[PDB]
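>>> Provide a 3D model corresponding to the input given below.
(chains A, B, C, D, E, F, G and H, ligands or ions: 11)
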Amino acid sequence: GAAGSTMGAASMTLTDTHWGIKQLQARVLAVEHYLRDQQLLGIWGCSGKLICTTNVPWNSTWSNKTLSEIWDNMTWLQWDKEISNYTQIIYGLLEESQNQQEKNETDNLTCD
Amino acid sequence: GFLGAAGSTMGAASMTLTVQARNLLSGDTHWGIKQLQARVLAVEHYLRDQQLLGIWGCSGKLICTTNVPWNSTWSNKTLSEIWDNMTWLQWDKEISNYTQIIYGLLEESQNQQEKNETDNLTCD
Amino acid sequence: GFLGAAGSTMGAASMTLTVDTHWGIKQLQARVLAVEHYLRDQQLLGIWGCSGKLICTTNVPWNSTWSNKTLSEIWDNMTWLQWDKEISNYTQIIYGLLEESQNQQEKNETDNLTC
Amino acid sequence: XXXXXXXXXXXXXXXXXXXXXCXXXXXXXXXXXXXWXXXXXXXXXXXXXXXXXXXXXXXXXXXXXXXXXXXXXXXXXXXXXXXXXXXXXXXXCXXXXXXXXXXXXXXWXXXXXXXXXX
Amino acid sequence: XXXXXXXXXXXXXXXXXXXXXXXXXXXXXXXXXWXXXXXXXXXXXXXXXXXXXXXXXXXXXXXXXXXXXXXXXXXXXXXXXXXXXXXXXXXXXXXXXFXXXXXXXX
Amino acid sequence: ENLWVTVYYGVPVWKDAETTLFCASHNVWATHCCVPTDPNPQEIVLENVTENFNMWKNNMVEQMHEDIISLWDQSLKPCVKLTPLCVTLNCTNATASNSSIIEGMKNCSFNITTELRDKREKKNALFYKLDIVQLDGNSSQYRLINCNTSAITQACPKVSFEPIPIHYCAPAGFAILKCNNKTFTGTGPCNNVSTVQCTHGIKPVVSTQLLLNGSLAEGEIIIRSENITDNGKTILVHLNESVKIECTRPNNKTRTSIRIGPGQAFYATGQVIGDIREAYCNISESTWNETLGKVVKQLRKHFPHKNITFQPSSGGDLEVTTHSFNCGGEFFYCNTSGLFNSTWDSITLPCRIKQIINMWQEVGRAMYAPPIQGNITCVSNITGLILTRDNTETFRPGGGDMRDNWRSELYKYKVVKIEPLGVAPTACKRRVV
Amino acid sequence: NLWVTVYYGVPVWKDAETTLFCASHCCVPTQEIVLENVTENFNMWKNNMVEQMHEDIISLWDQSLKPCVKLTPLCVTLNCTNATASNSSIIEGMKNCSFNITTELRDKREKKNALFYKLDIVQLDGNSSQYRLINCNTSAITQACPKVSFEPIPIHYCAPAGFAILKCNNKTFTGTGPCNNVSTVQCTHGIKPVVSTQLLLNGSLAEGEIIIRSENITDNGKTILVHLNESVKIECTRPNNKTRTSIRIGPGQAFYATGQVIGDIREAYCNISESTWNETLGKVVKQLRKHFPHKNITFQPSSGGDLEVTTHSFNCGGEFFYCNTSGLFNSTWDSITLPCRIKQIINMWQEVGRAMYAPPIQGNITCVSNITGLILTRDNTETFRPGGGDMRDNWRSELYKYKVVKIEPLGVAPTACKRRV
Amino acid sequence: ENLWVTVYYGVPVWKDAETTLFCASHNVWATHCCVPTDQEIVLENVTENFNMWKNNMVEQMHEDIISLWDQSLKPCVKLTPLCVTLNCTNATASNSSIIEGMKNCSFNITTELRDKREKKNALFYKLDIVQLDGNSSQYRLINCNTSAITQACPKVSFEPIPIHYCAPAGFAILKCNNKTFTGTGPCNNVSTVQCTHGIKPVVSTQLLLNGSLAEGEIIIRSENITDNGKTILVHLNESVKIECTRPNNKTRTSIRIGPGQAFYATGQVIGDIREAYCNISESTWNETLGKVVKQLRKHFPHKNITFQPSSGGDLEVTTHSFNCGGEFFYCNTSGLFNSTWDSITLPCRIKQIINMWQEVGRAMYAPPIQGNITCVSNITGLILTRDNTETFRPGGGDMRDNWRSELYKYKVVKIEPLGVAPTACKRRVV
Ligand SMILES: *[C@@H]1O[C@H](CO)[C@@H](O[C@@H]2O[C@H](CO)[C@@H](O)[C@H](O)[C@H]2NC(C)=O)[C@H](O)[C@H]1NC(C)=O
Ligand SMILES: *[C@@H]1O[C@H](CO)[C@@H](O)[C@H](O)[C@H]1NC(C)=O
Ligand SMILES: *[C@@H]1O[C@H](CO)[C@@H](O)[C@H](O)[C@H]1NC(C)=O
Ligand SMILES: *[C@@H]1O[C@H](CO)[C@@H](O)[C@H](O)[C@H]1NC(C)=O
Ligand SMILES: *[C@@H]1O[C@H](CO)[C@@H](O)[C@H](O)[C@H]1NC(C)=O
Ligand SMILES: *[C@@H]1O[C@H](CO)[C@@H](O)[C@H](O)[C@H]1NC(C)=O
Ligand SMILES: *[C@@H]1O[C@H](CO)[C@@H](O)[C@H](O)[C@H]1NC(C)=O
Ligand SMILES: *[C@@H]1O[C@H](CO)[C@@H](O)[C@H](O)[C@H]1NC(C)=O
Ligand SMILES: *[C@@H]1O[C@H](CO)[C@@H](O)[C@H](O)[C@H]1NC(C)=O
Ligand SMILES: *[C@@H]1O[C@H](CO)[C@@H](O)[C@H](O)[C@H]1NC(C)=O
Ligand SMILES: *[C@@H]1O[C@H](CO)[C@@H](O)[C@H](O)[C@H]1NC(C)=O
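Numbers count the residues shown, from 1 in each chain, chains lettered A, B, ... in the order given. Ligands and ions are numbered 1, 2, ... in the order given. Please see the structure below:
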């Protein structure tokens, strides 16, 4: 959790009884949150990678910005806020794209 | 939503894998234990499936092929009308027999592949 | 065969790598801890680009300061227990270097001039 | 130490690419480098070839392209072949160890019985 | 990057101090591979060039020469059975840059 | 001959399984079931899915029972103990105003300590005859019925214990399958199965002999039994039309209290004003007869013998011989011999009032129901019957285990475990780089 | 043109509420990272760290108190007279009470004597020396066994994995809004859980000038916390040599009670330097006038209640002081002594359904503390009086600069390169 | 340049570690030991350091024993309302009416009605009763001075069964297989196991009963043999038979102590009178000590050895304590340890209030067991302390000693499969 939040260009920084019950709940949540993110990356075909790309075109183009306007200019917190209400329309497409890809890879006519 | 394709044949039910993959992970001293045990087990079950895919060399995939041939004693049914004309529930019953055998074969196949990759240690 | 060949020479050893509330709390702690240990090893291998491998080669050079012994002084000579002791003070240094190397390697593939 | 030894070769008139191999009691796969020397009749030797534990081999100029400086991790043997004319050399094998910024072919095998002919 | 033998002769009929050298083209510096090949003992190395003394070898060797085009092998008198020709084999590139035999005797 | 094993993950299959369900929404269940319900519950019809459902083997019934008992006790535990009230009581006939004798109630006095350890005072209270027993000699020396074997705890007045619907929800990795058709009748394959995350909301209503405030059958009357041809089994008759039953206590109490500790007042009946009848229930006559006749027509499909006889229950204590109601927190034990008692504008059932109750037919403890001031009137919906069978066909409105009162609502649900992995043959072999 | 790319190590976060753990009961062992070019919006009010500290301190107090002697068997009529202990003189506030209590044999009764404070007991009726403890009426009093060592040991609060605590370093932050020079810590500074009703004790001092903080200072519905940059030295004492007795209650169970008191006749008291107090208050007033300019300011005692809201609650250990501060808050804009009452039966965390009995401290006692702030409320002209909430104000002003956030590692961005297949 | 980092996983190394072990294998020892146990991997060329003292397995077992004991005893009848002054007279048995160890006590007990007080009586052992003051007929039970006590529920047995401790995943137990290992230091024959061999949680003081036998010679084990203040554990390679009994028929009665609570108490005593005694062979015992002394002389050469009776306060440290059936015996061992270097009766007493493990607040009341009792146990070791001629006396510990003596060969380690070493290979990127 040694955050060094800054400009988005910083992609190189990506690396009694009652009481006992409360502490176990905290440990369990840390695990559940970790696993949910890993499952999601796995479904998207990004398992094992800190950074990955997909076959999904950069949609939500309404933002009207280019790579040089976001990268090397805006911070990750600011970026997260600008598209905070579009995350849920990206997710759900990424899973489908990966699932279709795997089905195409094992098809009888192309894998044979 | 969840199990929507369960009664369908293994066409659509072979596609809604992202649907079933999710929700295997969820979103006072008496009930507190019951709930921690339930949550821990949901995690353990999730992980055991991942560990098994790992040993078979299918980690990170929804669909994975291997080097283990189909025996035909397990099932002598043709490929035609197995995927398109049968559901997964029916299939699970048809091949309930030899499940442990299949799993053992998959582990052995991957172990041999690992030895071949280990000896042929391509590097710069 | 857990710890089989422990104590054996590292060369040969490398070929074997393939292998009510009172009790409620103790049992849950054991289960949770086992899960955390499992996941921690998987995270470290993944973050270095070694996911799925028993033997993983990286782009980090050996410094020689950590240990100045040569091949055939380490391999086919020492046991793994001895080796672990010999370089234990550099464990975190090496791990930090492995993470930096992986970040650079992935960043190099998202480059806007070449890919 | 590994008692490395050739169990191969004979005199031949053609450079061809006759194969020969030296086996050894060492974990060759565990980063040992293979080396071959043109253990010539007189004038010491020329390098013949070199290879990594992972192959990615390179020949000495005498054979240049006409070489197969092969080895197999599974065999723990420096099984290789090369032309370089019908060279008047026994063909010796060696293993080399790495050190930071240095290496040495300190372990030598019994030489093969290669020779020139006709 | 071939190694050019220099001072390539060190015959004697007794233990004696001796030296050999090479104008190695390769900038191997210490890694000149001055292993030698005394007698016919499978060319076993006497030294890890100028990088280190070899195990199971005489302490007599000490050229301490580690430079491009200025490599050397040398030793104090030891055994009469010490024909330390010290032919070089610079690390260079590809297969080692073996130098002329530099025949020796002791 | 050229098929290869393929591994799949995310396969929509399941196995029969048993897990712990969670309960979703000072009321007892409202307090415990803190998890909110889904404002828009989903249901997924599984087309072409047949599932074998099995009442009486369904562990959710048992699970519901165990959680109810635990919760009941968790709510009752932090309340006033009545231990110091076990002292011998000096009892006479409670005065029925101008009639002068309240049949069924005694006026008892006793020497009990107060909030101070060194103070003991003579106090009076009225008690029901059902909970009071003589020590000996036919003298007026009485004991509270349960001071002989167990602790008695008075319920806290702040806790109503009123049933609210509750929903049982699956944990991640599990799903609840629901049976449709509406002719299911007990066990076996159910076609047209749907998947849900939670049950519809079942009130934990406790009754005997008749089933109150449940769901009605959508189709005709359904008679369910593990084995309808064997005796020794409970027969649950699920009606498609309700029978309205109105029960009342045609009088009211004035409450009094005794401090028997540092606070911890004991609440007791002070005085009773009103009708002499302790209680009674109103069942419309024509409704009852039509309902029973319809039940018989359905019984005749399992029981071809003519002249099916219905008789009153055979014996045992009030927990099995009478109908049990909980109205405003008061406990009524109603005589149903006025029902049934036949062969194939209203009916009044006399009712008794009891206060020290070993609820759940437990033997190690009992709850004391504090008096309720004011008059009590409740209207309930009879949605089913509990019958026991047996030369000729005879049925009785017998009692049964508490689990039988939940089977009638939970019969349509089953719990299964999701099993995402499986294998199947494919045309293509793994390609190896 | 551009493709979707996914990142896993993204340095972003969201406001979150989680379970914190302690670092030193608490047997958990204990570097700040400054985040440059970031502004974080902090709010000391509606800060769940305060709420969590409140719930946990209460739970712990109760767990520590629970495994000890119950005093229920002592709820008997007491035969009480005017206590003396030294000289031919009555000690005002003390009653010498005799009573009949069951011995460890659970059969024989024994007459015992103990001294009680006038604030510990009530009369059963008029014109009769018949008394009971103030809490024999409802609930029960649990004795605190003097092994407990309830002490203001500083505790550090630490975030669990996946969470971090952001700290505000703006010297004039003043409770709410955007803060610069924000840093991340895993654990807070240690906070001593010192509990009072006014006159906040042993807190941190302001880096800059005196800061007056309120959720809404221009209100009457809110409490004003005044955070001083200098502390006032306060000394409290009970100049008496107290001697304890012991009454066996049951099977190894015993009640500890005051037997005899010798020493001064004078009651427990606290005092502060007069000049320090007058200058300290004047400095507070200057800042207060900035918020309420062109108004006359007067300080008054609180309106009244059962000691906890009228006096300064102060605790030396088992000796709970209820000091009269009317001598501090009576003014308009060398030593000030405040008489103090001592009580042994307390309501702990202002909980009406529970009570604790504090056994007496033997011999004489002196306590010295740092007054680091004030808790004031408002009442043409302006009137300020001591007042406050249910101990939340004793954690605020320490936890005010901390915020808990959840780390959210996933995010997306556009990229130049499409996935290669 | 030519040496690169290689990351390995599955590396056969470990570190010393302390973790939670689980129990695996109505009798209380079955409770929470529901996990079945049913393997051994011998390590090649491994020498490891073992230490039976400061062994966390022993400490953890101690805690488990206490916790289980408490859970079992907790849901049972409290004997709190029996502190009533007792009116005690002489024994009532046979025709002599003078059993020295028994008293006939009458007492005032209030029935469940909390008004009808009545008197009852029972026999008690002398060891459980304390004189209040003055003359006779004024007695208290010894526990009312410290705490209320709980009688054990007759439904639960505390009789030991073997249990196994098992490591959790990620951990392993190393076992020392050196036949002459003395408890500390290097062991050069080590095998790895997941679970221990099966240890019986037998409670004793001066003598160790029903443990394993040494597979070698008699081994004397101590933290520092030089320091006479250390406990010396003598582990025998041959067992000694010890047969104990109470040859009389105890009659039981019962008291309604409360509304649903029955207090069990002693009625009449039928048969010959002696509270207890134990049968130990003379020849076996003398041979056993001679062998022990010969081994002690290896640490104390050219000096003589004598055995003296122990000295202390409570019976738990002066007698040989054990529990057969439901009876707690406190036997006199002075007949065993009175020597300088056909059977011995070992007179023995019985007590019903037991302050086990010196926890003080907690104590169990042993209900009377009807009829007569006999038991046969195996002496597997002795506990001695030391204080020319050296003097040894029977010792006994705080029960940790009785487990150190069986778990001395086990160590818990954490497995650490991840690590690095140099190679010749650089990662292939293209
Ligand atoms: C080292 O310990 C191993 C046990 O871990 C001993 O091996 C046993 O030897 C006996 C000899 O009769 C065999 O019957 C057992 O089957 C062996 N056990 C196992 C697990 O293989 C070994 O003998 C010991 N070595 C020394 C020097 O004491
Ligand atoms: C996202 O894709 C949809 C596809 O129909 C398109 O209508 C929408 O405008 C896109 N969002 C943009 C350009 O922001
Ligand atoms: C159910 O079976 C019918 C048969 O005609 C088919 O058309 C329908 O698609 C199946 N349902 C599902 C969900 O596949
Ligand atoms: C094997 O098949 C038979 C039916 O032929 C079945 O009864 C048995 O349970 C199956 N065994 C399995 C799934 O192991
Ligand atoms: C019960 O007896 C008391 C005796 O004083 C009398 O005052 C009271 O009215 C009686 N109550 C009833 C209902 O008989
Ligand atoms: C249940 O009783 C309520 C009382 O208000 C009534 O409105 C409802 O219609 C009844 N339900 C049935 C099935 O009779
Ligand atoms: C019922 O209680 C009311 C007061 O709430 C009272 O006026 C009325 O008279 C009582 N009923 C009878 C039958 O007395
Ligand atoms: C403030 O506290 C410190 C110890 O933390 C103490 O040394 C100092 O004298 C105190 N100052 C005042 C005014 O009490
Ligand atoms: C332990 O005692 C039992 C009693 O039946 C006996 O059979 C067994 O052989 C004894 N073991 C030893 C070591 O003497
Ligand atoms: C005392 O020690 C000597 C040592 O030689 C031994 O011979 C002698 O027997 C010992 N005394 C006794 C009583 O055993
Ligand atoms: C040994 O036991 C028998 C009964 O089996 C008894 O008669 C004898 O006295 C005992 N001997 C000793 C030494 O206790």
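>>> report the closest residue of chain A relative to ligand 5.
Of chain A, the residue with the smallest distance to ligand 5, taken as CB to the nearest ligand atom, is residue A:18 at 48.3 Å. For the C-beta atoms, the positions are set from N, CA and C on the backbone; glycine is no exception.
>>> check contacts around that residue.
Counting by CB atoms under 8 Å, 6 or more residues apart in numbering or on different chains, residue A:18 touches B:28, B:29, B:32, G:59, G:63.
>>> quick check: longest helix of the chain.
In the absence of a named chain, this looks at chain A. helix A:17-43 (DSSP state H).
>>> my question was about chain F, not that one.
When chain F is parsed with DSSP H, its longest helix is helix F:59-76.
>>> contacts for that one next, please.
Residues outside helix F:59-76 that contact it (CB under 8 Å, 6+ apart) are B:30, F:18, F:20-21, F:23, F:28-29, F:31-32, F:153, F:155-156, F:159, F:161, F:168, F:202, F:204, F:359-360, F:367, F:402-403, F:406-407, F:410, F:413, F:415.
>>> from the residues you listed, which are also near ligand 1?
When contact is defined as CB under 6 Å from any ligand atom, these do not meet ligand 1 at all.
>>> the helices in chain A, which residues?
Listed from the start of the chain, chain A has helices (DSSP H) covering A:17-43, A:67-70, A:76-82, A:94-105.
>>> and these as JSON lines, adding distance to residue D:22?
As requested, those are exported to JSON lines (distance: least, CB to CB, whole Å):
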{"stretch": "helix A:17-43", "distance to residue D:22": "47"}
{"stretch": "helix A:67-70", "distance to residue D:22": "57"}
{"stretch": "helix A:76-82", "distance to residue D:22": "58"}
{"stretch": "helix A:94-105", "distance to residue D:22": "44"}
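>>> in stretch F:185-195, what's buried?
By neighbour count on 16 or more other CB atoms under 10 Å in any protein chain shown, the buried set for stretch F:185-195 is F:185, F:186, F:187, F:190, F:192, F:193, F:194, F:195.
>>> so the last one sits in a helix?
Spelled out, that is residue F:195. No - Residue F:195 is assigned strand when assessed by DSSP: H, G, I helix; E, B strand; the rest coil, not a helix.
>>> so it sits against residue F:175, correct?
Yes - under the criterion of CB atoms under 8 Å, residue F:195 makes contact with residue F:175 at 5.4 Å.
>>> give me the most central residue, chain A.
By CA atoms, centre = their mean, the mean C-alpha position of chain A lies nearest to residue A:41, the distance being 6.4 Å.
>>> near chain B, which residues of chain A?
Contact residues (CB under 8 Å from any CB of the partner chain) of chain A with chain B: A:17-18, A:21, A:24-25, A:28, A:31-32, A:35-36, A:39, A:42-43, A:45, A:47-48, A:95-96, A:98-99, A:102-103, A:105-106, A:111.
>>> quick one, what contacts the closest residue to residue F:394 other than its chain neighbours?
Leaving aside its chain neighbours, residue F:394 sits nearest to residue F:309 (4.7 Å; criterion: CB to CB, 6 or more residues apart in numbering or on different chains). Contact analysis of residue F:309 by CB under 8 Å, 6+ apart lists F:342, F:343, F:344, F:392, F:393, F:394, F:395.
>>> now residue F:309: how far from residue F:341?
In this view, residue F:309 and residue F:341 are 9 Å apart by CB to CB, to the nearest Å.
>>> what do you get for residue F:315?
Between residue F:315 and residue F:341 the distance is 16 Å, computed by CB to CB.
>>> got the contact list for the spatially most central residue of chain F?
For chain F, the residue lying nearest the average C-alpha position, counting by CA atoms, centre = their mean, turns out to be residue F:206 (1.8 Å). For residue F:206, the contacting residues are F:163, F:324, F:326, F:359, F:402, F:405, taking CB under 8 Å, 6+ apart as the criterion.
>>> again with residue F:26
Contact analysis of residue F:26 by CB under 8 Å, 6+ apart lists F:158, F:159, F:160.
>>> which one of those is nearest chain E?
Checking the contacts of residue F:26 against chain E by CB to the nearest CB gives residue F:159 as the nearest, at 86.0 Å.
>>> look up phi and psi at the closest one.
phi -110, psi 120 (degrees, to the nearest 10).
>>> that one contacts residue F:28, correct?
Yes - between residue F:159 and residue F:28 there is a contact at 6.2 Å, judged by CB under 8 Å.
>>> chain neighbours aside, what residue packs nearest to residue 46?
In the absence of a named chain, this looks at chain A. Leaving out its chain neighbours, the residue that sits closest to residue A:46 by CB to CB, 6+ apart is residue A:52, at 3.8 Å.
>>> wrong one, I was asking about chain F
residue B:7 (4.8 Å).
>>> cool, residue F:120 as well?
When the adjacent residues along the chain are set aside, residue F:120 lies closest to residue F:113, with 5.0 Å between them (CB to CB, 6+ apart).
>>> show me the contacts for the one you found.
Residues in contact with residue F:113, defined by CB under 8 Å, 6+ apart, are F:84, F:119, F:120, F:121, F:260.
>>> among the contacts of helix F:59-76, name the buried ones.
F:20-21, F:23, F:28-29, F:32, F:153, F:155-156, F:159, F:161, F:168, F:202, F:204, F:359-360, F:367, F:402, F:406-407, F:410, F:413, F:415.
>>> okay, and which of the residues you listed map to helices?
Short answer: the buried ones among the contacts of helix F:59-76 in helices (DSSP H) are F:28, F:29, F:32, F:406, F:407, F:410.
>>> show me which residues of the stretch 51-200 of chain F are close to chain H?
Applying the criterion CB under 8 Å from any CB, the portion of the stretch 51-200 of chain F that neighbours chain H consists of F:83-84, F:86-88, F:111, F:143, F:146-151.
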